[PDB]
Amino acid sequence: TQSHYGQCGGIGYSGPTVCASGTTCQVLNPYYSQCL
Ligand SMILES: *[C@H]1O[C@H](CO)[C@@H](O)[C@H](O)[C@@H]1O
């Protein structure tokens, strides 16, 4: 699972888009999405 303050899954990011329990994949920027 993607860690806190890391990029979870934005446009172009291929990988584990599911964040760790309690952290939410928030799309901050068009490509930058972060697990908060
Ligand atoms: C890998 O997966 C990511 C998932 O967000 C895509 O954005 C990318 O285009 C590729 O399919």
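Chain A is numbered as in Swiss-Prot; shown residues: 478-513, in order.
Structure method, as recorded: solution NMR.
Cβ coordinates come from backbone N, Cα and C, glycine included.
Features of the protein shown, as given by Swiss-Prot:
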type     : residues  : note
CARBOHYD : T478      : O-linked glycosylation site
CARBOHYD : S480      : O-linked glycosylation site
DISULFID : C485-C502 : disulfide bond
CARBOHYD : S491      : O-linked glycosylation site
DISULFID : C496-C512 : disulfide bond
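Annotated features taken from Swiss-Prot, shown on the structure.
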{"residue": "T478", "record": "O-linked glycosylation site", "DSSP class": "coil"}
{"residue": "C485", "record": "disulfide bond", "DSSP class": "coil"}
{"residue": "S491", "record": "O-linked glycosylation site", "DSSP class": "coil"}
{"residue": "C496", "record": "disulfide bond", "DSSP class": "strand"}
{"residue": "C502", "record": "disulfide bond", "DSSP class": "strand"}
{"residue": "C512", "record": "disulfide bond", "DSSP class": "strand"}
Cβ neighbour count (within 10 Å, all chains shown) around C512 (disulfide bond): 21
Other CB atoms, at most 10 A from the CB of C496 (disulfide bond): 21
Least surrounded among the disulfide-bonded residues, given as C485, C502, when other CB atoms within 10 Å are counted: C502
Listed recorded positions adjacent to ligand 1, that is, members of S491, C496, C502, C512 whose C-beta is under 6 A away: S491
Cα-Cα distance linking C485 (disulfide bond) and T478 (O-linked glycosylation site), given in Å to the nearest integer: 9
Those recorded positions, out of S480, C485, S491, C502, that come within 10 angstroms of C512 (disulfide bond) at the Cα: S480, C485, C502
Separation of alpha carbons, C496 (disulfide bond) and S480 (O-linked glycosylation site) (Å): 6
Glycosylation sites: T478, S480, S491 - member with fewest neighbouring CB atoms within 10 Å: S491
Rounded Cα separation (Å) that holds between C502 (disulfide bond) and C496 (disulfide bond): 6
Euclidean distance between Cα atoms of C496 (disulfide bond) and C485 (disulfide bond), Å: 6
